[PDB]
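# An overview of the molecular structure
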Amino acid sequence: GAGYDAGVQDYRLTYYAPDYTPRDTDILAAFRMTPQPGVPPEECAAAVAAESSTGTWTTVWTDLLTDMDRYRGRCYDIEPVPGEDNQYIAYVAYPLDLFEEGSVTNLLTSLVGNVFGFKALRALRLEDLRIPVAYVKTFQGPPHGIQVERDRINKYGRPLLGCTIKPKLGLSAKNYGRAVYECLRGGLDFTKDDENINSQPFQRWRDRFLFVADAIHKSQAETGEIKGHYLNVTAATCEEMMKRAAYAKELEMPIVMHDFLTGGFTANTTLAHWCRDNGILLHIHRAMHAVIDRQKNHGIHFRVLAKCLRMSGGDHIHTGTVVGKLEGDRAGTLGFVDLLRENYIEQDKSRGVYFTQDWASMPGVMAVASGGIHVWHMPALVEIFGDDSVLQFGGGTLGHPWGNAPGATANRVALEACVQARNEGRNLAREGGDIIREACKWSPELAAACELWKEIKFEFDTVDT
Amino acid sequence: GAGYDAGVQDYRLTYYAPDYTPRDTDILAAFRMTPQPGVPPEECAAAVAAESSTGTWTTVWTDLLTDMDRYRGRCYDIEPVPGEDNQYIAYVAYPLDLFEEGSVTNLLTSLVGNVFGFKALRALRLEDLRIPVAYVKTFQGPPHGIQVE
Amino acid sequence: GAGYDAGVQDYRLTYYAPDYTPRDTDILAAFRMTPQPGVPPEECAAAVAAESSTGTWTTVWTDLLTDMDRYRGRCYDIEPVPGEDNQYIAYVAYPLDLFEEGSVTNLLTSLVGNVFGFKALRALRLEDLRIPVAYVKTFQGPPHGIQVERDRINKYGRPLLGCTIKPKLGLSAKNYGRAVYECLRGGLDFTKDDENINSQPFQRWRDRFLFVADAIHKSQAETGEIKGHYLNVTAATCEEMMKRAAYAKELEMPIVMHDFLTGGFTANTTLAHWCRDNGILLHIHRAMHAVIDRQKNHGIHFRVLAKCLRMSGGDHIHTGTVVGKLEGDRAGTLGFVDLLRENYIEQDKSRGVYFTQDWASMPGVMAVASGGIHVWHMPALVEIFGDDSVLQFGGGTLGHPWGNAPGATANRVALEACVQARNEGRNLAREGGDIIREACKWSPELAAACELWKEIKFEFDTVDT
Amino acid sequence: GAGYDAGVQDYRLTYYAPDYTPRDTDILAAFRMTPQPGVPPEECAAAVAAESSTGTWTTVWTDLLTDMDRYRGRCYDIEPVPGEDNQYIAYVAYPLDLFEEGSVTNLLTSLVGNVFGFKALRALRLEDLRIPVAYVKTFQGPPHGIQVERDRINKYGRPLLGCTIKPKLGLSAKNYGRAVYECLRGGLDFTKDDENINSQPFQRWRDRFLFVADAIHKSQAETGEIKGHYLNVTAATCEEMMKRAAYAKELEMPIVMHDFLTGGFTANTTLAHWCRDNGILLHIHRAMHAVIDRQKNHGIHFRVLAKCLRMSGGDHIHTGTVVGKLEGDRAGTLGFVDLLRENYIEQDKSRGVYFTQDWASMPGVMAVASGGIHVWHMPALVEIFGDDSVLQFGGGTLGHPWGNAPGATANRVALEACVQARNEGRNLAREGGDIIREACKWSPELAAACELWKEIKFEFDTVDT
Amino acid sequence: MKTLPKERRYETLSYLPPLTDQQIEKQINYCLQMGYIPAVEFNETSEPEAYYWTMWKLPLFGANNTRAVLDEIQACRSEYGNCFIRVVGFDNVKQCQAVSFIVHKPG
Amino acid sequence: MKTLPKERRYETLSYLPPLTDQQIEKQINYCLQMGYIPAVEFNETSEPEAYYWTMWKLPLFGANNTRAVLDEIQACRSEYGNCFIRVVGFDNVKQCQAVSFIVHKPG
Ligand SMILES: O=C(COP(=O)(O)O)[C@H](O)[C@H](O)COP(=O)(O)O
Ligand SMILES: O=C(COP(=O)(O)O)[C@H](O)[C@H](O)COP(=O)(O)O
Ligand SMILES: O=C(COP(=O)(O)O)[C@H](O)[C@H](O)COP(=O)(O)O
Ligand SMILES: [Mg+2]
Ligand SMILES: [Mg+2]
Ligand SMILES: [Mg+2]
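Residues numbered from 1 in each chain as written, not as in the entry; some residues may be left out. Chains lettered and ligands numbered in written order. Part of a larger assembly, values for the part shown. Heavy atoms only, no water.

Method information in the entry identifies cryo-EM as the source of the structure, with 2.35 Å recorded as the resolution.

The structure is reproduced here in structure tokens:
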């Protein structure tokens, strides 16, 4: 029972415990921290831990009517980043008692709430998160997960194929449904709403839902395969989102889509619980992710948001195509794809896995490769993501010269040839062009697609490596 | 009624309208844009406008069964930032028709959805937003506001 | 900060701003004003503006605890009507701040509330209304609109055809449904309830709904075309209207009808929101319109009510046939049909468009030509309204000598021949009788219809020109 | 069993029964009819009856599968109006079987639906309506009525006093409530919302309700008299109207206001049933009445709308002050005030009572005199309307030089002096100025009010006599 | 008096005599003059509930002559002789189908 | 430009040319190398809504050679010649089907 000392004091005195070993129930956070010149790194990390768990700028007498050491966040390690004058990885451990059970929102509010704007800090990035098994158990996780989804849509042995209807905004509901039908009847498993398509004057959401459902029924009747369309239920309010989800259920739709960042984690968890309660698959679009996760020195790395989306709930999630029009490094993407899909992922700094993460049988999330890809990227994607993934060709299907259906067929043939050659024992990363070439010799739609997009390739500097 | 040209083409052809004056019902966005070296700034801004409103990487034939010019986002101005080798403020105008009434979520998903991760872009900041009165009217706003509070 | 002057003062001092230019967010009203002899016209218009926005007869001290100039309605123009000793068109501008968002009822209560009974006024007519885009955005508009309706009923390239079951009141529910079936199987797209048919001792509404739904199913099965029947859900209370609408939805009916004036705008907007929420088309009957809009010197012109019905919500609306048994001039009807159907309508005094009206992608409303028309009026109507319209032949179908179905077929053949000749490049207004004559040479039902109604024609003085 | 004659025929053959005597269960309508030159008057009246009950322009074969004579409306009398070359009063009788029980909307849709726009008609006015007792019994009537209202507010022996808060639009919710408090604490029984005040950006309805309720409680605590404020629940939709009514009930408000014409009769009957079910008084504002009822030659006379409002439901209704800023003749106003308040009103053409109306114990509606009145009109109003009325001084209270509360007191003193002198046995119509003068000698607030408004007087030509 | 027979209809221009290829040519010419994009759709059935037929190739966006549309129509006829074939006209200003008539019944 | 034909599909490896028994042999070899348990299922129809086909005998839990699976497949072919026959691979670590291709159409 100590006395009360009014006045400010250094954070490092009570928030930097370099000898402390993490309990297995702790939440572990890795921070890429760049302090101001002349600010001690350990003091900066102690400020991060204090303002993220319990610390205030000055001493408060109400700290004494408590056991502070059982709630305080502690920075148990600081190690300089290679090739950095003022950039360090700080490992901060938070007691399990600090966080509301089953709330991703509360976890993020505690972790990334206000420490990123600390004046003594120049830049802060949340690289990784160790979610303890005891905390994982309090979440629903994905409404279904990879294996239950594959069982429900009766699709095995290959990546799924999807497409976004283009243009993003402008199409009427009926023409939208016609494009959906033409894409689906060509061989695509899924079609999807653009993340901007919610309910607009040119296209009311109810008309879109009706016409899309009709196109799905027609293409399912034709091909004899389960067809789906991710219906964007993202809305202004939770009531509107729930109405859109309920109508999608009424139209016997198997899957709905949500933007978990612009929509928010509260609404995302609401929708995930609803999806589990009504047998609806949940595709998750990561719109606005690059606002947070693009820079190396500041923000939140997408693996943290991916763990949080896995816990909050989602059957699919966009992960970046590596080889497409949007930025994502190969190694980090492999890391967070394993984080999203696997049950146990061991520590690996080379892939951005700063902590060993155990999911305690929380089902995995399907990886979605979308953005600026065509048939030529098909082998590499099959090499990168494997079967438990969705490959999305928006412009790579509708942009085919012959139309939506021939482009869908060209993508399906490229995918099936890649899967066949992979199963037979071929080196896809080596003979991908060879497989595509023989398939083109057999497939005219594929031949036209490949001759159209042969010299299309997005390569730039990797800002996030 | 134009024909259908399958294949990729520059964004600047159909998404950079430097002569266009903003309608009063448009949503105006100011972007601090840092493109990759060797990427034209105007092409970078056109990519921002296209991927934020209607553009895809290649041409789609469903663009023709529409009036594209009434929905396309247009970059109507690019001006270099002082003391910056590769940083420009781009002013992009979006038709009021693109956005769901009363939905901040939809506005942000359209604006800041995926353009911030464009490979040809090095850094992007959304500095300011002009919300037209016609769009403002579709929101409730504060439940009470300062004076009622 | 002025002092408080208790006592009456002229309205023109603070409500007549002839130099003021209208803001683009203002609501603009054109008033045909006839003041009492010896009442200054500008004072009369100032009284209209004051009593329609904020003015009271005497000065109130609570005006000072406000910014009056930001709410006051202003008469910014008065111009004498040609050939009128005491009739002037006054243009009054109202701030957008005065009106409740999304409420047609509040707009009308502010505008046409009590100024029409001003003692200093002899006659007042509200001719036109400029609804600013910012105000338009606060309304739902039509639940579907023309293009979504055409997509939903899968009907393109021609005006739709309908009929009111006659007699208006008296038929039993079963005989009513039989007449509906005979009309629908003959080629009519739609049948409809008379605006008086709500629920009567000779015909309960639930029995009518059941039998009509059965007739619709039978005729749809026979012809293989989408058949519909406007089910009048107009009721004594909103609960009863909602029950009737819900039962129409339960019977899988595509469209319901409402009287937006006798039922009211509150119930109409309720039903329009319900219709949008449940995918139901909304036919709007303008019963009691002529009580308000018949005289040139007093009332509200139907174009104002048409704009208000477009905002409050309706997929169809009656507009008058021009050439039928009910009064409506050609030019004014063309004007408000363009107002109801188009997105942008420029100022045109010659057609009664006193203001340029922009709808900001608010969907258009289908025009309904009903009342005293037969096959002989068919070319002119196709000339007047075009494709995006409904042509309703109540007595022109059931009054055919052979029966409901042959009369429906005669109307369908006349309509299709007119559309074909129009598409081919014929002058319908010139060779309408020629087209009808050749079709009669081919169609016996049409021949009997034309020989029955050859000398039937309603022409009188146009009271509203 | 007659045969079927396809073709048009005169309406007078089957719809003009000059020998028919009205059944006591019939609905009787008096129409002021002005036909086109060369149109027989009896044919015009037959067209009115036919198109208002069952008639179509041509003969329909479905008339035969019915008993037409039991549903057809019949014109049983036509008598020329004095001093009119082409204006006749036609008496049309409608079977009770034609109308939906308890629906004012259906009654008006049948009567005033489309006959007012008949091309053969130049002008039509619905002057009066005989509602049979059997039809009256199907309506709820006023939720409470005059006597139940007086019992509930514990106010006997005098007219009630009210005021509209001015300016109409512009005041904030808090300042609005302050004005309400100052008016109520001065002696007014009621305050009220302007008919335009529903929910605006400068004043949300919930804030207005809260502040008004607080002002009511404060003034009730101060004066020790039941204070009230008519809360405008008129809204865009029935759900919004019901939410506003429910909140008014939650705040323990005794009375709500509705615009039965701009809001509509469906919503009005809904609100009246709700008001009866929740013990809420219903003040009825007649906004837009003058659009319909201003002209002598065309429209619907306000007595018809008053009967319909009595049946649909309302405890108060505006009737016009006779001597104020809005138009209404003395005799016709006396007529429809007796129609609204009395149980039995005998036929009297001199007061516009074309039919003897029996209400079968349907409670009467309070008469509301509002618009351009001050203390000088107080005796005449007490002479005209008597006790069972509400006298509303919007500008006559807030426009008092000393403020809201002294003006309220001045009106209360003038009213109480007039009532006292009337009870004592004085001739109010003769010595009204005398009573006001002695009261001013005793009341300073009254003295200031009278010296302010001594020369304020609205007199013009009576367009509706 | 004559009883109306029971025939299955096919929407616009179905209650007219068998459409001569000349009148079909005029209809396609009309939709070309209005700026409508012509397209050829086909389906095994003509159920009214069916919103979508199957698109034959792509809409003739670059079309300027009726003979080209007639060539697509006859190509569809040769490939699908037991299919209902119809010609649609897409108006892109309002984005709504503006012409729709059947050109072929199952042979 | 060529219009896509309307063909009924049968999930994975259906948009490839007719599967040679050599390629089928390689597919079963692949599922044996991964540790998947092979099984032979059959059904009278191939409706997508159908979750379950009928199992032929039991899954080849003790299998180590592709010829044994081929023998089960041909046995099913002989017993059911008017049945769709497919070969499934059960992954038991994650307990999810990992391979599914059709080897026979009704003959
Ligand atoms: O529009 C697309 C792809 O369409 P297209 O095929 O035309 O590129 C997606 O919404 C995002 O671009 C995916 O990327 P991300 O992973 O950032 O969400
Ligand atoms: O009864 C009819 C027409 O039937 P019919 O074919 O027998 O004339 C309609 O309800 C109105 O008359 C239409 O006119 P309006 O535009 O005034 O509503
Ligand atoms: O505003 C008022 C009166 O306020 P004031 O005291 O300032 O005149 C009322 O709403 C109507 O004018 C009453 O008339 P009506 O009977 O036509 O509704
Ligand atoms: Mg997208
Ligand atoms: Mg009618
Ligand atoms: Mg008022």
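Listed as protein donors to the magnesium ion (ligand 5) are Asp194(C) (OD) and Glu195(C) (OE); their distances from the metal cover 2.0 to 2.6 Å. Each member of the pair, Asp194(C) as well as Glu195(C), carries the same accessibility label: buried. (Donors = N, O, S within 2.8 Å, 3.2 Å for Na, K, Ca; no water. Buried < 20%, exposed > 50% of the residue type's maximum accessible area, 1.4 Å probe, protein only.)

What follows deals with the coordination of the magnesium ion (ligand 6). Around the magnesium ion (ligand 6), the protein contributes the donor atoms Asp194(D) (OD) and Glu195(D) (OE), at 2.0 to 2.6 Å from the metal centre. Using a relative accessible area of 2% as the deciding quantity, one classes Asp194(D) as buried.

What follows concerns the interface of chain C and chain D. Between chain C and chain D, the residue contacts involve 115 residues of the former and 115 residues of the latter. Overall, the association of chain C and chain D removes approximately 9,200 Å² of surface from exposure, summing both partners, and the carbon and sulfur fraction of that is 59%. Where chain C meets chain D, there are six salt bridges. Linking chain C to chain D there are 62 residue pairs in polar contact. It is helix α9 (residues 265-278) of chain C that contributes the most residues to the side of chain C that touches chain D, six residues altogether. Taken together, the residues of the side of chain C that touches chain D break down into 47 nonpolar, 49 polar and 19 charged. (Contact = heavy atoms within 4.5 Å. Buried area = accessible area lost by both parts, 1.4 Å probe. Salt bridge = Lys/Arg side-chain N within 4 Å of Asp/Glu carboxyl O. Polar contact = N/O pair within 3.5 Å; in protein donor to acceptor, adjacent residues only side chain to side chain. Helix = DSSP H or I, 4+ residues; strand = E, 2+ residues; numbered from the N terminus. Nonpolar A, V, L, I, M, F, W, Y, C, P; charged D, E, K, R; others polar.)

The next point concerns the relation of the copies chain C and chain D. Overlaying chain C on chain D yields an RMSD of 0.0 Å, the required transformation being a rotation through 180° with an accompanying axial translation of 0.0 Å. On this basis, the relationship between the two copies can be described by a two-fold rotation axis. For chain C, the smallest separation between a C-alpha atom and the rotation axis is recorded for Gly264(C), amounting to 1.8 Å. When the interface residues of chain C are mapped onto chain D, 100% of them again lie at the interface, so the same face is used by both copies. (Least-squares fit on C-alpha atoms.)

The relative placement of two aromatic rings is captured by the distance of their centres and the angle of their planes. Enumeration over the complete set of coordinates arrives at 77 aromatic pairs over all chains. Residues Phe202(C) and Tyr71(D) carry aromatic rings whose centres are separated by 5.1 Å and whose planes lie at 65° to one another, so their mutual orientation is edge-to-face. Note that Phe202(C) is positioned in the loop between β6 (190-192) and α7 (205-223) and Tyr71(D) in the loop between α2 (41-53) and β2 (74-80), a pairing that runs across two chains. The exposure class of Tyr71(D) is buried, given its relative accessible area of 7%. Pairwise contacts between aromatic rings join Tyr20(A), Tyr76(A), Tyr91(A) and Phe355(A) into one cluster. The side chain of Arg286(D) reaches across the aromatic face of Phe302(D), ending 4.7 Å from its centre. (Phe/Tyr/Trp six-rings, centres within 6.5 Å; stacked < 30°, edge-to-face > 60°. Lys NZ or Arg CZ within 6 Å of the ring centre and 35° of its normal.)

On to the site of ligand 2. Around ligand 2 lies a shell of 18 residues, among which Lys166(C), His285(C), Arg286(C), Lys325(C) and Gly372(C) are the nearest. Around ligand 2, the neighbouring residues derive from chains C and D rather than from a single chain. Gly372(C) has a polar backbone atom sitting 2.8 Å from an oxygen atom of ligand 2. Bound to the protein, ligand 2 loses 99% of the 460 Å² it would expose on its own. The residue inventory of the shell around ligand 2, partitioned by class, reads two nonpolar, eleven polar and five charged. (Near = heavy atom within 4 Å. Areas by Shrake-Rupley, 256 points an atom, 1.4 Å probe, with all protein chains shown as cover.)

Let's shift gears to the nonpolar core. By size, the foremost hydrophobic cluster in this structure holds 497 residues, and its most contacted members are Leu107(A), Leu107(C), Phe116(C), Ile300(C), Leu107(D), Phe116(D) and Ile300(D). Setting aside residues up to four positions removed in sequence, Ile300(C) forms contacts with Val112(C), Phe116(C), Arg125(C), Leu126(C), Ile292(C), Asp293(C), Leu305(C), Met288(D) and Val291(D). (Core = buried A, V, L, I, M, F, W, Y, C linked by side-chain atoms within 4.5 Å.)

The partner chain C presents nine residues to the nine residues of chain B that form the contact. Carbon and sulfur atoms supply 61% of the area buried between chain B and chain C, which totals about 740 Å² over both sides. On inspection of chain B and its partner chain C, the count reaches two salt bridges. Note that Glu101(C) and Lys137(B) form a salt bridge whose closest N and O atoms lie 3.4 Å from each other. Here chain B and chain C share three residue pairs in polar contact between them. For the side of chain B that touches chain C, a count of residues per class yields three nonpolar, two polar and four charged.

In this structure, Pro167(C) follows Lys166(C) across a cis peptide bond, with omega equal to 0°. With respect to the helices and strands, the residue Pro167(C) is situated in the loop between β5 (160-162) and α6 (173-185). At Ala360(D), a position not held by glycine, the phi torsion is positive, near 55°.

So, on to the site of ligand 3. As a matter of local geometry, ligand 3 sits amid 18 residues, with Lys166(D), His285(D), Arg286(D), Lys325(D) and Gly372(D) nearest to it. Each of chains C and D places residues next to ligand 3. The side chain of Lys166(D) places a nitrogen or oxygen atom 2.9 Å from an oxygen atom of ligand 3. Contact distances for ligand 3 include 2.6 Å between an oxygen atom and a side-chain N or O atom of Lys325(D).

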